[PDB]
Amino acid sequence: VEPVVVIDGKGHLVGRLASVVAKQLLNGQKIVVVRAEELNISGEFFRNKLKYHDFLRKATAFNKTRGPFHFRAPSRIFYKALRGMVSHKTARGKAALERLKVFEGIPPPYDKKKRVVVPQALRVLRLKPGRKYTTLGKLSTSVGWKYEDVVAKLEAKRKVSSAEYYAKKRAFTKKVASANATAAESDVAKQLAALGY
Amino acid sequence: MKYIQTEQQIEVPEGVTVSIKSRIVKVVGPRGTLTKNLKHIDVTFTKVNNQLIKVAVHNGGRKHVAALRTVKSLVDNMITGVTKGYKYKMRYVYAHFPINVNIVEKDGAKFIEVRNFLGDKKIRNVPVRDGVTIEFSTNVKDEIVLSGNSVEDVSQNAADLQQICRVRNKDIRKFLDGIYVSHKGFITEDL
Amino acid sequence: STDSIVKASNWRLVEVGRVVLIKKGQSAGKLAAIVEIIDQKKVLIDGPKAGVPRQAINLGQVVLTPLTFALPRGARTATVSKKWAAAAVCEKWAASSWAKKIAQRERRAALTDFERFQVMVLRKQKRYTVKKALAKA
Amino acid sequence: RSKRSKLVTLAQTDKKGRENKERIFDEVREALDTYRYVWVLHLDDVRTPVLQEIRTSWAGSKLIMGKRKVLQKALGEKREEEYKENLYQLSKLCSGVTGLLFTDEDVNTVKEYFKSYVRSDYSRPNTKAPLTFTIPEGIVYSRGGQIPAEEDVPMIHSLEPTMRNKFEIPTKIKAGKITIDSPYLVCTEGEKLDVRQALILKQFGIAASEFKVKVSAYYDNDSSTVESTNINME
Amino acid sequence: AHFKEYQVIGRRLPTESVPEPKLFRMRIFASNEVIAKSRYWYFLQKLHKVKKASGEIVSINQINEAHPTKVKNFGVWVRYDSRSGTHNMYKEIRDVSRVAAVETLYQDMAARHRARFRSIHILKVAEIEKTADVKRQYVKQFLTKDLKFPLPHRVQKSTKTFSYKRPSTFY
Amino acid sequence: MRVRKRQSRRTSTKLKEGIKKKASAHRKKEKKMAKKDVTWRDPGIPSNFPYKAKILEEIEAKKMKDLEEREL
RNA sequence: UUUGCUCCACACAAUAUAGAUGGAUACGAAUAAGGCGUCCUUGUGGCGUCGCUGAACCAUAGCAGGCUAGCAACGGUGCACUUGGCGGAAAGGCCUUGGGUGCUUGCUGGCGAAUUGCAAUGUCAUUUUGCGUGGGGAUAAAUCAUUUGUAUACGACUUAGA
RNA sequence: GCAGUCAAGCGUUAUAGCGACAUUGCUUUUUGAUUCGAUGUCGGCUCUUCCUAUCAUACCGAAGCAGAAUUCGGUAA
RNA sequence: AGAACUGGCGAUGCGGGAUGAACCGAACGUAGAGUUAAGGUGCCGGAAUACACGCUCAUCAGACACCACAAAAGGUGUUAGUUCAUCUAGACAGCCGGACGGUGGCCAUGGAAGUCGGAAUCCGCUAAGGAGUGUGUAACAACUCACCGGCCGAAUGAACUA
RNA sequence: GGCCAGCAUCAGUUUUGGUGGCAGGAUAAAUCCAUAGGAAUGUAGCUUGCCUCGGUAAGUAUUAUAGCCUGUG
Ligand SMILES: [Mg+2]
Ligand SMILES: [Mg+2]
Ligand SMILES: [Mg+2]
Ligand SMILES: [Mg+2]
Ligand SMILES: [Mg+2]
């Protein structure tokens with residue numbers, strides 16, 4: 001229903017989010033994923049770190065520059081999960097993959113855009129309470145990603161600006177609702193309520 | 001078995017106030033305030049009156065109800081800390097080399113400095129955790145006293161002080177030097 | 001101000017007399033009352049005023065409402081109907097924003113094309129008045 | 001899984017069952033027929049040599065101990081359940097460690113014996129301290145100054161962990177001898193003692209308290225009445 | 001499937017000089033009458049020395065629950081097959097019908113004991129008239145006076161792929 | 001933190017076919033040994049069933065009735 | 001290298017291909033908790049209210065939207081200027097001041113529409129390394145060849161020369 | 001290995017038969033005394049990497065571990 | 001390993017089991033429409049991130065052949081059962097108290113008092129208490145536990161099965 | 001009349017809805033109504049202990065100022 005769908009990746013499970021995003025891209029929807037460092041993986045941090053270190057074990061023996069390439073950033077971990085669910089060696093798979101962008105944090109112009117969530121991929125809706133889960137920024141920092149603090153500082157500045165914007169928007173919303181409430185007793189309002197609006 | 005409801009009770013004395021919101025407990029008493037984050041456990045707190053606070057788990061299993069009893073014990077420890085305090089008395093003994101224990105300030109950080117442990121030239125430094133006080137006992141030979149409202153902080157500081165003087169590569173049936181916790185109790189000794 | 005404060009976190013309770021709204025099945029969208037608890041997942045419900053048969057149902061097929069009325073446990077259909085009428089459950093349900101939202105949704109679904117045109121005209125008139133009142137202050 | 005495992009012992013004495021309680025029940029009910037006066041005795045924290053000396057002194061009478069609930073069931077708990085008339089009052093007067101003295105002797109003789117009987121006893125916890133005790137400075141001896149240290153024996157080195165940990169007395173080991181750097185106050189006269197102080201007094205062997213057998217009341221077979229005696233019940 | 005309860009009454013075939021043989025009745029839980037008749041012949045061969053070729057089905061009638069809208073506690077005595085022998089089991093099920101209790105029991109046996117319909121024998125399903133005779137804790141905890149319990153962490157199903165609000169689990 | 005090699009769980013065709021042959025041979029041998037060997041070949045009422053007394057009374061009454069029914 | 005290169009307004013001419021056809025419509029955090037409104041002694045505060053999906057909200061009527069007449073109001077919105085402020089994560093966007101010039105379906109009128117023939121996407125949205133009108137702006141380097149040896153199999157590299 | 005013994009179990013109502021853990025005898029007997037038939041493939045040099053089933057180096061646990069030295073063991077390539 | 005019967009395959013493509021001589025389905029003219037088999041329906045990938053009742057958390061779980069590793073072995077993981085017992089004349093934990101007398105039983109020992117050893121292991125009084133369950137002493141002492149009682153007040157323990 | 005289409009009325013095959021009349025069973029079982037018994041996860045009332053002005057704990061009390069279960073019709 002929208003030309004570009006922006007998904008706030010915070011609090012989502014990586015596999016289910018990857019599955020839904022891959023199907024959307026193959027169906028032809030343009031998707032931008034923000035805040036990839038706030039993604040979640042079910043299972044404890046040592047388990048997920050062990051899995052990543054097994055992936056790190058994988059490498060071409062006679063030339064390491066030819067082997068599987070291990071990308072440490074959270075956005076690249078999510079991109080690996082997505083590319084595993086797209087048939088990426090065909091032209092159709094490449095075209096589907098080029099309808100996707102993944103970012104750490106929320107850079108411009110997406111910091112002023114509406115961001116949605118995916119209910120079937122949400123941790124609080126999917127995992128049973130008490131089950132342990134891992135956070136992608138911490139996993140990436142443990143396996144060698146080196147921009148965790150910079151993203152945190154930029155995100156804090158973005159949150160300050162966004163809070164100021166929301167305060168102004170909420171004041172305007174209160175004024176609009178106050179103006180709309182005093183017209184609710186008029187004949188036009190009664191006719192609209194009769195028609196359902 | 002999935003017990004429908006399991007609950008524990010927490011008793012609050014006269015001078016203690018408890019504020020719990022979203023599993024952030026603040027306990028205020030005559031000796032000061034303590035704060036605990038319990039957001040890793042799914043429990044529900046309810047206030048019955050100013051003296052009784054219930055903590056409950058709904059539709060929970062064995063691990064969940066074990067966590068419930070643990071939560072009750074932790075809040076009881078916080079209450080005891082703000083009303084009586086905790087006091088750990090340690091003793092340090094030696095065979096030949098007198099152990100020298102001092103309180104030093106390293107950029108205003110309150111370290112405990114241990115010298116001449118078994119004749120070592122190394123200076124052992126144990127930081128003093130915030131909220132605990134270190135006093136050298138009067139008319140008791142070679143006794144240290146750690147006091148505070150947090151039993152966790154006091155006991156961990158005592159354990160760090162005890163572990164900083166591990167005897168290495170010597171028969172410990174023979175080499176008896178060290179710093180040992182000799183007593184645990186409360187700061188208040190009115191009765 | 002030397003008294004403890006603990007957040008209540010008030011849940012709706014599965015209990016006898018709790019009014020539920022059936023969200024799927026033959027009786028979808030109808031009100032019923034919980035008469036007896038079978039286990040953690042199933043209850044016995046009875047909906048005599050709205051025409052819901054007395055039946056055992058899973059708690060995942062209903063949504064609990066904030067409404068509750070006094071009812072004996074295991075009360076038969078006649079007793080449930082009498083207590084429901086005495087407590088006036090239907091009026092208190094219809095006075096809530098939840099039921100008003102359901103009614104508005106049904107009305108909007110029932111609107112015709114001519115009525116949608118009339119809605120647009122009335123919305124433009126109300127918009128003119130609201131914007132004028134908003135600019136003056 | 002994850003349950004506590006019971007410790008296993010290999011000893012000779014096995015637990016008593018309901019048959020022992022039934023035997024005690026029948027013995028009490030038969031002594032109720034056999035004897036004239038049934039006296040209820042409070043004998044809490046009694047030592048076995050003292051109790052056996054009492055039994056030896058009361059040759060010809062029957063002293064029966066046991067669980068107080070068993071004794072009250074033998075006597076009859078309520079008015080419709082009493083074994084004899086006006087025995088429920090005697091049964092409900094039983095409290096604590098209760099013994100039953102069935103006898104045919106005189107009321108005056110029983111009162112005189114239980115007024116004039118007394119023995120030296122350990123100072124029990126939650127009681128009154130009979131003396132002020134102070135362990136002297138230097139080498140700690142077995143009596144702790146209650147006798148001259150020239151005649152006394154030094155305390156064994158094996159008790160130093162108990163004194164330091166359980167008794168919380170600051171002690172050191174010097175050449176195999178227990179030593180305290182300062183004199184130590186154990187108890188003050190006319191003060192309530194706790195478990196730790198009572199244990200210290202018992203360890204040093206000081207026994208200045210008095211044991212007296214309390215008597216609550218008695219029942220007569222022919223009169224079918226209960227009279228409060230109130231002996232050593234201050 | 002969803003079980004029904006039948007009565008199956010059968011007998012040996014009448015013969016000369018042995019007329020009017022005895023009639024034997026069983027209460028059978030089964031999804032349909034074909035399964036009910038098969039189970040009847042199985043149990044009749046296991047108990048008596050009566051074969052399907054030697055006998056006939058006199059009657060089969062569905063038995064309905066007497067009060068299907070009344071909550072009841074059921075004690076279910078069952079017997080299952082093992083290589084060492086046949087072992088008893090007693091379960092307690094709270095439900096509004098005998099067929100509902102039997103279906104719950106079959107599902108529980110398949111979940112826990114890894115058991116099947118052909119191996120599970122229903123020996124007795126008996127309603128507990130008085131609550132004092134209930135002796136399973138998972139059933140007794142629901143017999144408390146004024147029973148109230150909440151449902152924390154409600155998970156709402158979404159009809160759309162994307163949601164424009166962060167969800168809440170309040171109830 | 002040196003992770004070791006994980007055992008593969010990909011199915012080998014030769015291993016699976018060999019396991020099939022091994023299992024068939026095992027079944028034949030077990031059947032043969034069960035036929036050849038020599039070895040000599042009611043739990044009652046569960047204690048938790050509430051109407052134990054009723055079941056026992058019914059079975060006793062049926063036994064006593066059948067005692068005289070088959071005799072005369 | 002027959003006036004080359006490059007931005008601003010004005011007419012023509014073509015142009016919009018992983019798939020426009022009303023609008024991607026901006027708090028953060030928690031979920032065994034929150035959002036909003038309000039009051040006070042401003043807090044882990046009291047009270048009220050909301051959820052149970054965006055099935056929303058905003059826009060949306062006029063020859064693909066024409067030509068005119070009025071009533072009410074001083075609002076809404078488009079375009080070109082202009083005042084000031086903020087934004088560097090990839091800012092390239094966000095907010096705002098004042099005047100001008102259009103439209104306004106908030107309300108009531110008067111004309112026009114046809115024949116695309118009973119449907120045929122029935123063509124409607126930004127950017128234009130192409131032309132002709134015109135006002136201002138600026139007049140380079142690299143390679144070969146020669147040369148050095150901090151370099152070198154050859155290329156390459158590193159120096160120097162109006 | 002062979003031949004037994006015991007019995008926690010399994011089996012049974014015929015006190016048959018299987019049987020874990022233990023255990024005995026032979027090989028092997030008392031004063032630390034005093035090379036025997038590989039019937040067909042093997043070693044080097046240079047140089048790389050892997051495994052851990054660790055010899056050394058690191059950190060630990062136990063031991064009549066006083067000290068010194070050593071033995072057994074844990075994590076560890 | 002040897003006999004007897006019957007299938008499959010070679011001469012045979014097609015659907016499924018990721019892949020394939022003997023596995024599941026089904027045998028073949030060229031096409032259209034419909035329905036299915038076996039196998040499946042998160043994404044690759046056509047098809048329910050269906051419904052329902054339970055179980056499981058694995059410092060490389062499992063999604064498998066049902067053979068082996070496998071001793072139906074080990075585990076203070078978790079769930080459901082079976083059989084025994086104890087229990088308001090008071091269940092299990094916990095604290096306190098009692099835990100005696102002949103007697104320091106006999107022999108042996110430099111010493112040996114229940115506790116280095118060898119043989120007796122009895123009697124009394126008991127509510128109960130071993131000629132002693134362990135720590136300990138050079139021997140004693142002291143503590144313990146076997147057993148009993150007081151306080152507490154409602155279910156508990158053991159062994160098996162899955 | 002060659003090429004490509006749209007609609008209507010039909011035929012053959014098929015897929016997906018709405019709705020009507022019947023018939024069986026314990027001539028469904030239930031709900032509901034009446035009647036006779038009964039009990040607790042004991043409703044009203046009564047008594048007592050002592051509590052915030054009557055809200056509780058324990059005895060009684062089988063429909064009363066709530067109800068439920070079973071049999072029969
Ligand atoms: Mg017009
Ligand atoms: Mg190793
Ligand atoms: Mg698909
Ligand atoms: Mg192997
Ligand atoms: Mg047709």
Side-chain angles (χ1 to χ4, degrees), chain A residues 2-6 16 19 22-23 46-47 50-51 54 85-87 95 105 107-109 111-115 120 124 154 159 162-163 165-166, chain B residues 19 21-22 24 26 42-44 171 174, chain C residues 5 9 54 63 72 74-75 77-79 97-98 105 108-109 117 120 124-125 128 131-132 135, chain D residues 1-3 5 9-13 15 21 25 44-45 47-49 52 55 65-67 69-70 72-73 96-97 156 158-159, chain E residues 62 64-65 67-69 87-89 104 107-108 111-113 131 143-145 152-153 156 158 163-165 168-170, chain F residues 6 11 13 16 19-20 22-23 26 38-40:
Chain A
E2 294 183 347
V4 179
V5 172
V6 187
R16 304 186 177 261
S19 181
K23 197 52 182 192
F46 64 83
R47 281 188 58 86
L50 209 76
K51 292 190 176 187
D54 189 56
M85 309 184 188
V86 178
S87 184
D111 50 337
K112 303 179 182 301
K113 296 297 177 177
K114 176 63 175 176
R115 300 170 290 272
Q120 67 187 12
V124 303
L154 297 179
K159 288 180 198 313
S162 189
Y165 152 80
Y166 176 73
Chain B
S19 64
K21 181 167 184 299
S22 72
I24 312 298
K26 185 170 64 60
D42 282 315
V43 293
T44 298
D171 194 355
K174 185 69 173 55
Chain C
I5 166 166
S9 181
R54 183 176 177 103
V63 290
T77 299
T79 309
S97 300
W98 191 349
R105 184 184 302 116
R108 290 193 182 185
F117 180 79
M120 176 181 60
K124 286 159 71 68
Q125 295 179 26
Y128 194 91
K131 290 291 181 58
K132 189 174 55 181
Chain D
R1 321 292 278 282
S2 200
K3 62 180 182 61
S5 177
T9 65
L10 296 186
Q12 314 297 327
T13 315
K15 289 186 181 181
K21 284 186 297 189
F25 189 97
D44 303 23
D45 302 325
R47 299 197 316 267
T48 307
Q52 287 167 346
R55 292 178 185 268
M65 316 275 299
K67 272 183 177 182
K69 308 291 288 197
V70 184
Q72 291 190 195
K73 203 76 190 307
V97 179
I156 188 59
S158 307
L159 283 172
Chain E
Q62 183 176 18
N64 294 319
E65 183 66 41
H67 305 273
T69 56
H87 297 169
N88 285 334
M89 182 174 289
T104 299
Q107 284 300 97
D108 185 87
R112 291 182 143 99
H113 197 253
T131 79
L143 308 187
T144 307
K145 185 67 171 298
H153 199 88
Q156 295 175 347
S158 178
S163 187
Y164 295 90
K165 194 187 178 61
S168 183
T169 57
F170 92 102
Chain F
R6 181 189 177 261
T11 313
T13 289
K16 182 164 66 178
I19 288 175
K20 293 179 179 179
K22 193 192 252 284
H26 174 264
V38 179
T39 292
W40 288 352

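The chains referred to below are lettered A, B, ... by the order of the sequence lines, with proteins before strands, and numbering in each begins at 1.
Using the rule of two distances under 3.5 Å, G/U147 and G/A141 do not count as a Watson-Crick or G-U wobble pair. Applying the 3.5 Å cutoff to both bonds, I/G13 and I/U156 do not register as a Watson-Crick or G-U wobble pair. With both atom-pair distances required to fall under 3.5 Å, a Watson-Crick or G-U wobble pair links H/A22 to H/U5. G/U108 and G/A69 are base-paired: they meet the Watson-Crick or G-U wobble geometry, with both hydrogen-bonding distances under 3.5 Å.
In this structure, C/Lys124 reaches the bases: a heavy-atom distance under 4.0 Å links it to at least one base atom across the strands shown. If you check every strand for non-hydrogen atoms under 4.0 Å, A/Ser87 touches sugar and phosphate atoms only. Residue contacts shown for C/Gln125 are limited to sugar-phosphate atoms, with no base heavy atom under 4.0 Å away. Among the protein residues, B/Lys26 comes within range of the nucleic acid bases, having at least one heavy atom under 4.0 Å from a base atom. As judged by a 4.0 angstrom heavy-atom cut-off over every strand, D/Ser5 is placed among the base-contacting residues. Among the atoms of the strands shown, base atoms are found under 4.0 Å from some heavy atom of E/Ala111. The residue C/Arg54 sits apart from the nucleic acid: no heavy atom pair falls under 4.0 Å. At the heavy-atom level, E/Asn88 lies under 4.0 Å from the strands shown only through sugar-phosphate atoms. Contacts of C/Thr79 with the nucleic acid, taken as non-hydrogen atoms under 4.0 Å apart, involve only primed sugar atoms and P, OP1 or OP2. Contacts of D/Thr9 with the nucleic acid, taken as non-hydrogen atoms under 4.0 Å apart, involve only primed sugar atoms and P, OP1 or OP2. Residue-level contact check: D/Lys69 touches the bases, meaning some heavy atom is under 4.0 Å from a base atom. Using a 4.0 Å heavy-atom cutoff across all strands shown, E/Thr131 reaches at least one base atom of the nucleic acid. Within the nucleic acid shown, D/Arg1 comes within 4.0 Å of at least one base atom, counting heavy atoms only. Across all strands, D/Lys3 comes closer than 4.0 Å to base atoms (heavy-atom distances).
The side chain of F/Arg6 lies closest to I/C60 when the candidates are I/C66, I/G20, I/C60.
Proximity of E/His87 to the phosphate of I/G81: no side-chain N or O atom is located under 4.0 Å from OP1 or OP2. Proximity of E/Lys145 to the phosphate of J/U43: a side-chain N or O atom is located under 4.0 Å from OP1 or OP2. OP1 or OP2 of G/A56 sits under 4.0 Å from a side-chain N or O of C/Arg108. Contact annotation: A/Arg16 does not reach the phosphate of I/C43 (side-chain N/O to OP1 or OP2, under 4.0 Å). At G/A29, one or more side-chain N or O atoms of A/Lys159 fall inside 4.0 Å of OP1 or OP2 (strictly under the cut-off). Note on A/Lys51: every side-chain N or O is 4.0 Å or more away from OP1 and OP2 of I/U59. When the side-chain nitrogen and oxygen atoms of E/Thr69 are compared with OP1 and OP2 of J/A30, none of them lie within a distance under 4.0 Å. Distances shorter than 4.0 Å separate none of the side-chain N or O atoms of F/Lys16 from OP1 or OP2 on I/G20. Residue D/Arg55 places no side-chain N or O under 4.0 Å from the OP1 or OP2 atom of I/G101. Within the 4.0 Å cut-off from OP1 or OP2 of G/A32, at least one side-chain nitrogen or oxygen of E/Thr169 is found. Regarding contacts with the backbone of G/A56, every side-chain N or O of A/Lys114 stays at 4.0 angstrom or more from both OP1 and OP2. Side-chain N/O atoms of E/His113 include none lying less than 4.0 angstrom from OP1 or OP2 on I/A162.
By the stacking rule of 5.5 Å between ring centres and under 30° between planes, A/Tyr166 does not stack on the base of G/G28. Residue side chain C/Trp98 meets the stacking definition with respect to G/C52: its ring centre sits within less than 5.5 angstrom of the base's six-membered ring centre, and the planes differ by less than 30 degrees. Both thresholds, 5.5 Å between centres and 30° between ring planes, are met by A/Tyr165 relative to the base of G/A26, so the two rings are stacked. You can call E/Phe170 stacked on the base of G/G51; the centres are under 5.5 Å apart and the planes sit within 30°. Ring-to-base geometry places A/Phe46 in a stacked arrangement with I/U59 (centre distance under 5.5 Å, plane angle under 30°). Remark: ring of E/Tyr164 not stacked against base of G/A56; the cut-offs of centroid gap under 5.5 Å and plane tilt under 30° are not jointly satisfied.
Atom NZ of D/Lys73 and atom NZ of D/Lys67 lie 13.5 Å apart (nearest 0.5 Å). Here the straight-line distance linking atom NZ of A/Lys159 with atom OH of A/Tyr166 works out to 15.0 Å at 0.5 Å rounding.
Listed here is the closest heavy atom pair of A/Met85 and A/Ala22: CB-CB, 4.1 Å. The heavy-atom pair separating E/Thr169 from A/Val124 by the smallest distance is CG2-O, 4.4 Å. The minimum heavy-atom distance linking C/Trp98 with C/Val63 is given by the pair CZ2-CG2, 3.8 Å. Nearest heavy atom pair, residue A/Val6 against residue A/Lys114, reads CB-O, 3.6 Å.
Look at I/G29: it lacks any Watson-Crick or wobble partner with both distances under 3.5 angstrom. Using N1 to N3 plus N6-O4 or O6-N4 for Watson-Crick, or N1-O2 and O6-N3 for G-U wobble, each under 3.5 Å, H/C59 pairs with H/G74.
Rounded to a whole angstrom, the distance from the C1' atom of G/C8 to that of G/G23 is 33 Å. Distance noted for atom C1' between G/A59 and G/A73: 23 Å (whole Å). The separation of I/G62 from I/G45, taken at their P atoms, amounts to 29 Å, rounded to a whole angstrom. When the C1' atom is compared between J/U60 and J/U48, the two are found 11 Å apart, to the nearest whole Å. Comparing G/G76 with G/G106, their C1' atoms are spaced 11 Å from each other, to the whole Å. On the P atoms, I/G10 is 23 Å away from I/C5, given to the nearest whole Å. Only the P atoms considered, I/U144 is 29 Å distant from I/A159, to the nearest whole Å. Atom P of H/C55 sits at a distance of 11 Å from the matching atom of H/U71, rounded to the whole Å.
Base orientation for G/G19: syn, the chi torsion being within 90° of 0. Taking syn as a glycosidic angle within 90° of 0, G/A30 does not qualify and is anti. G/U42 shows a glycosidic angle within 90° of 0 and is accordingly assigned syn. Taking syn as a glycosidic angle within 90° of 0, J/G25 qualifies as syn. Applying the 90° criterion around 0 to the glycosidic angle, G/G54 comes out anti.
With rounding to whole Å, E/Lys165 atom NZ is found 17 Å from G/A56 atom P.
Residue whose closest nucleotide on RNA chain J sits further toward the 5' end, between E/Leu143 and E/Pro68: E/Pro68. Each of A/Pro107 and C/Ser97 was matched to the nucleotide of RNA chain G holding its nearest heavy atom; the match closer to the 5' end belongs to C/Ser97. Along RNA chain G, the nucleotide nearest to B/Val43 and the one nearest to B/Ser19 differ in position, and the one closer to the 5' end is contacted by B/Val43.
Residues D/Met65 and D/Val97 have side chains in contact (heavy-atom distance under 4.5 Å, counting atoms from C-beta outward).
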